[PDB]
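Engineer: Sequence plus experimental coordinates follow:
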Amino acid sequence: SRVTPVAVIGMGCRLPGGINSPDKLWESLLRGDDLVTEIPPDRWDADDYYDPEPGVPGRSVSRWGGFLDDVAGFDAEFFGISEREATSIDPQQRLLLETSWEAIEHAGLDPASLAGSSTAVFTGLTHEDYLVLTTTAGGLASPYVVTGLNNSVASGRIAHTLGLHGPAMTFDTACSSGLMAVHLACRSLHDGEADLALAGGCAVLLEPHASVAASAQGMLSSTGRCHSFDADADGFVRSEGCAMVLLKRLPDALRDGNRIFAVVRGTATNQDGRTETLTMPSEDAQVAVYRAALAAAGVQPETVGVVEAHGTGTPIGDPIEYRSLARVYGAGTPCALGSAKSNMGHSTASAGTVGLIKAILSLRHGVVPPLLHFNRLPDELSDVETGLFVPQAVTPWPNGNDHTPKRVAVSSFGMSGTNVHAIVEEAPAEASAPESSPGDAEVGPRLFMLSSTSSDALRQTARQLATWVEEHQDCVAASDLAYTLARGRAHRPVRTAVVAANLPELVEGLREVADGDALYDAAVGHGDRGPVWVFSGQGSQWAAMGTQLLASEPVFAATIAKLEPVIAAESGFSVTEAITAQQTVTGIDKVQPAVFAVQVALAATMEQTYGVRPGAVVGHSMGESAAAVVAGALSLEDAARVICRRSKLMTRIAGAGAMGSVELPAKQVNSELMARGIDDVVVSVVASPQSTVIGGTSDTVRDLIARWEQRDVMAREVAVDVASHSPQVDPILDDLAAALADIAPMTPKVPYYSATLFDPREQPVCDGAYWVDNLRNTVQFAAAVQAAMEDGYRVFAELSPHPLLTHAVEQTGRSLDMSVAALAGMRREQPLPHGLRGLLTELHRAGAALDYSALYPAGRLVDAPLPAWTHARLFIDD
Amino acid sequence: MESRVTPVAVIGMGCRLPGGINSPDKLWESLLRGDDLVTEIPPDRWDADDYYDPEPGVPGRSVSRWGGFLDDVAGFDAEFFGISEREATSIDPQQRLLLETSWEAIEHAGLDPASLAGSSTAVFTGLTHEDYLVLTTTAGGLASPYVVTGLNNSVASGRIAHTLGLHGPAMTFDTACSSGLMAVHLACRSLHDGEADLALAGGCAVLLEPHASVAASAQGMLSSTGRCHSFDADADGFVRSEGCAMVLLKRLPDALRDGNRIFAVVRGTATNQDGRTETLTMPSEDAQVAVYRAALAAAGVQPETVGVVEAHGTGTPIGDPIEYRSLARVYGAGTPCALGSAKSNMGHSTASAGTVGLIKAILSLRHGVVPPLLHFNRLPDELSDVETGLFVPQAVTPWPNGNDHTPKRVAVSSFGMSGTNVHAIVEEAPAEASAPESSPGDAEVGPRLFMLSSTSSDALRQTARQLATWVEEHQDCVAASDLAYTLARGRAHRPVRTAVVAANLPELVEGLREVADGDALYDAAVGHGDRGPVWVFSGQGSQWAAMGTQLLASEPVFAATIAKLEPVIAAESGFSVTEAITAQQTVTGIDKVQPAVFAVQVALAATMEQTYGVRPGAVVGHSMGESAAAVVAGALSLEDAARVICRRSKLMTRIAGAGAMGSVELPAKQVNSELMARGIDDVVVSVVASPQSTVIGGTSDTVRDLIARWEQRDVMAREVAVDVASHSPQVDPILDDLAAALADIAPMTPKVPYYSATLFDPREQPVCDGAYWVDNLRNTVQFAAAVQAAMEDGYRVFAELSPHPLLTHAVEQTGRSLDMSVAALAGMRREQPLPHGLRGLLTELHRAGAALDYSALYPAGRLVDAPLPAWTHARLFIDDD
Amino acid sequence: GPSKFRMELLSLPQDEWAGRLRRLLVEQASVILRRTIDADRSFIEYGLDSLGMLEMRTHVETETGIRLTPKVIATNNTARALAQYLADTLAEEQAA
Ligand SMILES: *[C@@H](CCCCCCCCCCCCCC)C(=O)NCCNC(=O)CCNC(=O)[C@H](O)C(C)(C)COP(=O)(O)O
Ligand SMILES: *[C@@H](CCCCCCCCCCCCCC)C(=O)NCCNC(=O)CCNC(=O)[C@H](O)C(C)(C)COP(*)(=O)O
């Protein structure tokens, strides 16, 4: 072997007829589809130039071509491109930018993970149609033309966008540009200049003057069809198309476990040299490049089963090529001769890569697609004795032996006389992991995860995937598909999840998402920071809260089982019946422990079963006790005593005061309270900057409420037993401190934003005096939440039985002009047949950091379709 | 110590830059003189006032009115490359300049581009901008069929490979302003692989249209002042400028083995991308530092041994401080290091400044000095904190840290707009492993032959004038013999060619001025150099008094051959050859006239082959001329043909005035019909000289009476009195004696092809026996058919080797009949002096285009930097007036 | 004299100076980018190129009298940070 083998670990393409995926390309090739259509009126009026008489000046003989369903579409915002600059960008560059992202995602890699890598980019561009259209419109004066119409930035932008550091050059080698990029990338990876390579080309047809000019040369087909290797060959038809591949050194790819589609064992390039005419090919030059590539790959030509020829369909090009192949390949052993350009026309720049992609697919499925538009070879090739043949149907691999890996030969010959050839071998024998036992493939709901750049794109994405799952539901494994959508895709800003146990169930859910009218909204996080647990106070209790979770989640049930004896120890009460009875838990000695048990088990389930690391913890009222447990400051055996011992204490002062809710800032409330000479009523909880909770003497509290109602102020009393965070609790703190004298606080390991300490940023020591202070002092919950946002957290999920502070969090975030998400872990009478997977679905939708490895330990990548795009039409105009 | 790539030697460089710079040496003179090459935009391109606006950011207007412009962009030598005028009109000028400069690069390396046919030479050409495409679509000329190759970028490199018949990889590419040096990266990589043994790298810049300036001006790139104030505190942007530059690259072990001249060694090169950093065009400091240490690692060079950095130096207020701070982090670690940038002198030659920067680096290496930076007055205050050994030279500076233990090394950098950086480390050429310098040898100062060439007459005069100026300057820096060697075996001989004979350079300067000013019409060569000339050997009538006196005194080998043949005639004819050729009166009497003509003519052909290496591709003789032709082609030995001719002249000396030669313009068929009408057999066709000229031999009275018959009928039937009526029945009685008296010779097979007028078919090999000779004095001389078969074989150059040309006019006539352009040179003329021996024939033989053995004429010598020939540029452009 | 916004802003207590600025920025970037921005996600991934940075540079100069430079927006890569950078810069010059 002359060079290092290079593995094609990812492929991406956009091709005429709506083909935008390598798997979709294979289906069309196998079906024998013909993607050559009449020129859409959107490009130009074909009848303004069509003339069947050859060589008529100013007129073309071709009215056909292979066109993309749309070209002006480009998801500009997802790449941070403003419409003003996006409009002037050559569509060839935009399609390359999009398809390169598809190529990386197809490999199972997050493109954002490639930032800072030594990845190299090689893109070939041969047509300046958008430049000419801009010149005709006279819009060259726009400053964005400097970047929009230059050819170097076609690969520069891709490297700039993804933050790559390898070579990022753009070349132009005519119709062999697509395959030349693979040869250059295979060279660069071997030299060590890079560790990953993006190779391919793009061609876009927007102007008739390119077609008529070639028509005057007699190049294009009169019948408008690339009759490759047929007697009626009369020329080619230009066609749009963009295709890219991702290349990585084989030892690295095998070491890192990336899926390998095929191995490029060696490439070679050559020039036709001096010929009769500048565009005439040379037979001996083609024969030389064949032996050069085989020598570089170190493989005998007798073992190359299938040759993917150039096959443009020119009357003189094919006989030269056919003689070239017969002198090297097909030496006795049968050989199959194919050409992708028959099915979709000549893609020019990208024709090299598309031919390669067809070769990759043929290797994987082990068959050769029939060659469209073939009846017989030209009569002048009758005497050539060779093993070559043109398949007229889906044929098995011509060799059929097992001792030798399947190999193909890919060729591409440029107009300027530059030839490219590459030898591709099938992927290595899969390093199959130990077979998954039926116990590992547990029957149970799994999250299938979607993403897109907009609401409509998500609905389109769901529809596409639903049809794909409906086809491969027997061939694909549900475990792998769940793994692939989570661990092997890029989570685009607008995202959702569908939970199901079987693929048919998954399809039905996707169709509901496809036809649903819900306004899916973009995520607010970046997966860099974990969610912030919010532990609310009392009042969220509802009848039979824990019945569903106990019957569904084992860790939740286990947590209650461990904590139940402590309640029966300190308070002598059984929480299992209270949270499962038909009546809401009542009594402070019962209400507080019941809420505490649910919250801590909810947190316990989340970071153990679903492995969600909390980025920060925020506590409100007794929720601070739950907050301490999750933060690692205390053990559950301590806070349970803290809750239980405290809970029985204010049973003495049940009814010792009344609470009021004032929807005004606390600062002005304090000033008005001071100006009124009143000092028994104090601010209890600063819930939001626009709301305040007060408590004190029951009759007096009603008096300011009436004194606020006469001022038409929105105010309300709070129907709860104990005047917490007010001087009414005074007769207990001395007893409470003695009861908590045995508490052993520890330093918190999770960021703790206490609402009791004057500075929320302080990491508390949850000693006895804290809870004494917590009950007496006011709660600056809005301040603590505000502090967490200032630190950068944006996702808050409250773990109470019912949402009570989610509205407060949203108000505080809005008061800071900050985009935040307020999720609810549980809701009153909300059925959750799938357990807490609903919250996990919501947390991912918001964008909190997750340990997807814990949810999806291992699995094989599969071919799930990539997400759609928010294709806004961005084209020049006159 | 570790070198991960093979060192690559730059064996040839060529460029075309603004201000009439057409050669690397002329670039060096400009840099030392501190020339500023940017000018106001010429009205020929566009009206600059139609777009100028000093206010930055104004829509639809450009802030700069200056640029560096080539003196002639539309100029192209279409016919030399075999491209029709129509096709060349629609070819992008970037492609046309690349084709011309690449040819200049190959010649500058000392190689004939025709010798690269079938080689594995690779071609990488950087190329940005599409101004001609913009112009073409504005004029609406895209319907032309030639556009498919004229405007497609891939043909830019494909055309070079197609023209020269190169088989290595050939591609063009775009990497913004770093494409020029990126070509060197790919070429070094391709050579390292073994894919190629020669590589052309470079780029082209062309500035035909204004909107490119307007679009960039809105972005704020364009400099308001109009000069690239590289590394100056007043930097405000760059200025675009035209320019093309190409280099030729070869593996260093191969360059040493073949003995090619090395200008510099590219030890290593590397490239990378800036990555995600602010805006698309904002450069990254850390990326620049990475490529420096990567290139050094690949080249195995520590940075402290690099003394000069050819920085990118665009002149933007953002780019320059990033460059300086990045360089100070790598280079100049305590040791002084000199900064520089070719951008300052000639603006930004986008997509080619990478190569132009490289070329400046090589010239600095060979001359060992750092050119001053033009507009530098003070570094920006932002860089006052940076501590470094770097410094910007304000005058011609000796090489920093100059020493012999460490070879001089240069770092070349070039950064593109897309963010792709290229950086290469260049070392001086290895210590000259030349032959003993000024060693004794061919120290003779005899007049040497200096060769000129071009594509047209007016081009030759321009070429002579340019070379005359160059020789006038370097008359002391180089030896005359080396210049003669360079022009002969180190250049490509274009169709229009001539030579000048001189003994010393001062005479040469006078000679070129005569050629540059003379109104001589220099016709292009008719030969392709494939086949050697065809010697022509004549009959009687060429003799004149004291012919060889000057030749005997000017060609020692001629004299040796004359002396060699002297004894045999002194035995067979009894008289010394020097008598007839040195007497003050013309030799008379066939017994001495005939041997004398044969003796000189044989030595003449001997003089060409032994002394001037002129191997004849074919040989043709006439009458007596077959004897001389037989010796030269190898059909018979030298002395044996001598006894052959003296015996004949003596044997027919028995008769005087045996008959007559009626020479008529009538065709042989027509005179045969006329003779049949006359019915006499006393006269016979003796010589078929031309299709429009026939010679009739026979009895005197039958000739004289009958030739008057055409003279009454107004027919061009002249005759000059001759001693012998050969090829006629008048010599028949002596043939029996002649058939045996000279039968002692032993003919053998010629080693050279022979066309014989004696045989019916000249192409047949003639056995030079007496019977064949007896045919010669009797059979009709079929000379016209003899030369006809020669040109049917494609031979083109015919030289008449006779004291006076007699049959040359016949060659032109038959060539005119054949509609086939041929050369009819004459070896020597009547009374014509020979101040330089037969060198006057050789210069004409070269001008005709025959095959020559230049190795024999020019055994050895070092190549020189003599200026390349000027092109016949024609104004080819697209107009929308 | 200075823009009407600058008179109002200084007359207001300095603690909301970030809040009022954080809007002069959101509105101005919204019209420049033609997209309702958010106050925390970075400009560069909105597509704020070098030109748009100039339009921001000149506009804030008219509205606040502060000479912004393109490196600063490159450093204060988000609106909240940029408004924060404007706040103390206003505070520092005021204290002079
Ligand atoms: C790719 C060809 C790419 C170039 C032509 C299509 C694009 C539009 C024109 C270029 C841009 C113009 C400027 C902007 C508007 C390709 O695959 N081509 C065919 C490859 N075949 C091949 O090389 C051999 C085919 N050649 C011939 O059949 C033969 O040379 C001709 C019939 C074409 C010419 O014959 P003659 O004129 O007698 O030499
Ligand atoms: C050369 C840069 C490219 C010059 C030629 C561009 C001509 C237009 C090409 C497209 C065709 C349009 C016409 C179609 C008919 C170069 O040498 N690049 C390296 C240095 N160049 C830089 O830009 C580096 C310094 N950059 C800057 O100063 C800033 O990024 C600029 C001023 C560009 C933007 O400032 P803003 O980001 O603060």
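Structural biologist: That came through, no problem. Numbers count the residues shown, from 1 in each chain, chains lettered A, B, ... in the order given. Ligands and ions are numbered 1, 2, ... in the order given.
Engineer: Report the contact partners of residue A:431.
Structural biologist: With contacts defined as C-beta atoms under 8 Å, 6 or more residues apart in numbering or on different chains, the neighbours of residue A:431 are A:254, A:257. The C-beta positions use only the backbone N, C-alpha and C, and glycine is treated the same way.
Engineer: and the residue of the stretch 501-650 of chain A nearest chain B?
Structural biologist: Residue nearest to chain B within the stretch 501-650 of chain A: residue A:526 (15.2 Å; C-beta to the nearest C-beta).
Engineer: Which residues of chain A lie near chain C?
Structural biologist: A:76-77, A:80-86, A:143, A:817-819 (C-beta under 8 Å from any C-beta of the partner chain).
Engineer: For those, work out which two are farthest apart.
Structural biologist: Across the residues of chain A next to chain C, the longest distance by C-beta to C-beta is 34.2 Å; it joins A:143 and A:818.
Engineer: Looking at the two, which is more packed in?
Structural biologist: residue A:143 (23 against 20; other C-beta atoms under 10 Å in any protein chain shown).
Engineer: For residue A:337, see how far away that one is.
Structural biologist: Going from residue A:143 to residue A:337 by C-beta to C-beta, to the nearest Å gives 51 Å.
Engineer: thinking again about what came up before, might one say that the residue of the stretch 501-650 of chain A closest to chain B is in contact with residue A:847?
Structural biologist: Yes: with contact defined as C-beta atoms under 8 Å, residue A:526 counts as touching residue A:847 (6.3 Å).
Engineer: who's more crowded, the two?
Structural biologist: Shown here are residue A:526 and residue A:847; by other C-beta under 10 Å, residue A:847 has more neighbours (22 against 15).
Engineer: ok, the more buried one - contacts?
Structural biologist: A:491, A:495, A:523-527, A:794-795, A:821.
Engineer: Send over the longest helix belonging to chain A as PDB, restricted to the C-alpha atoms.
Structural biologist: If you go by DSSP state H, chain A has its longest helix at helix A:588-608. The C-alpha trace of helix A:588-608 is given here as PDB (Å, rounded to 0.1, in the frame of the first residue of the first chain):
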ATOM      1  CA  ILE A 588     -49.000  21.100  59.400                       C
ATOM      2  CA  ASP A 589     -47.400  18.100  61.100                       C
ATOM      3  CA  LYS A 590     -48.600  16.200  58.000                       C
ATOM      4  CA  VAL A 591     -48.700  18.800  55.200                       C
ATOM      5  CA  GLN A 592     -45.000  19.800  55.300                       C
ATOM      6  CA  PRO A 593     -43.600  16.200  55.500                       C
ATOM      7  CA  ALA A 594     -45.800  15.100  52.700                       C
ATOM      8  CA  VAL A 595     -44.600  17.900  50.400                       C
ATOM      9  CA  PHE A 596     -41.000  17.300  51.500                       C
ATOM     10  CA  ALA A 597     -41.200  13.600  50.700                       C
ATOM     11  CA  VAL A 598     -42.600  14.200  47.200                       C
ATOM     12  CA  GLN A 599     -40.000  16.900  46.400                       C
ATOM     13  CA  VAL A 600     -36.900  15.000  47.500                       C
ATOM     14  CA  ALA A 601     -38.000  11.800  45.800                       C
ATOM     15  CA  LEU A 602     -38.800  13.800  42.600                       C
ATOM     16  CA  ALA A 603     -35.200  15.200  42.700                       C
ATOM     17  CA  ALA A 604     -33.900  11.800  43.600                       C
ATOM     18  CA  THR A 605     -35.600  10.200  40.600                       C
ATOM     19  CA  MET A 606     -34.400  12.900  38.200                       C
ATOM     20  CA  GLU A 607     -30.600  12.700  38.800                       C
ATOM     21  CA  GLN A 608     -30.500   8.900  39.400                       C
END
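Engineer: Past it, which element shows up next along the chain?
Structural biologist: Note on helix A:588-608: by DSSP states H and E, the next helix or strand toward the C-terminus is strand A:616-619.
Engineer: got the residues of the stretch 101-250 of chain A near ligand 1?
Structural biologist: Contact residues, the stretch 101-250 of chain A versus ligand 1 (C-beta under 6 Å from any ligand atom): A:174-175, A:209-210, A:213-214, A:217-219, A:238.
Engineer: Can you flag the buried ones in these?
Structural biologist: For those, a burial check counting by 16 or more other C-beta atoms under 10 Å in any protein chain shown picks out A:174-175, A:209-210, A:213-214, A:219, A:238.
Engineer: just the residues you listed now: which is nearest residue A:718?
Structural biologist: Nearest to residue A:718 among these: residue A:238, at 75.4 Å, using C-beta to C-beta.
Engineer: so residue A:154 is in which element?
Structural biologist: helix A:153-162.
Engineer: hmm, that helix touching ligand 2?
Structural biologist: No: using C-beta under 6 Å from any ligand atom, helix A:153-162 stays clear of ligand 2, coming no nearer than 8.3 Å.
Engineer: Please save the CA atoms from that helix in CSV.
Structural biologist: Output of helix A:153-162 as CSV, limited to C-alpha atoms (Å, rounded to 0.1, in the frame of the first residue of the first chain):
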residue,chain,number,x,y,z
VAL,A,153,-15.1,31.9,0.6
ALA,A,154,-17.1,28.9,-0.6
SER,A,155,-14.9,26.7,1.5
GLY,A,156,-13.7,29.5,3.7
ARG,A,157,-17.2,30.1,5.0
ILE,A,158,-17.7,26.5,6.0
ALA,A,159,-14.4,26.5,7.9
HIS,A,160,-15.3,29.9,9.5
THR,A,161,-18.8,28.7,10.4
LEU,A,162,-17.7,25.4,12.0
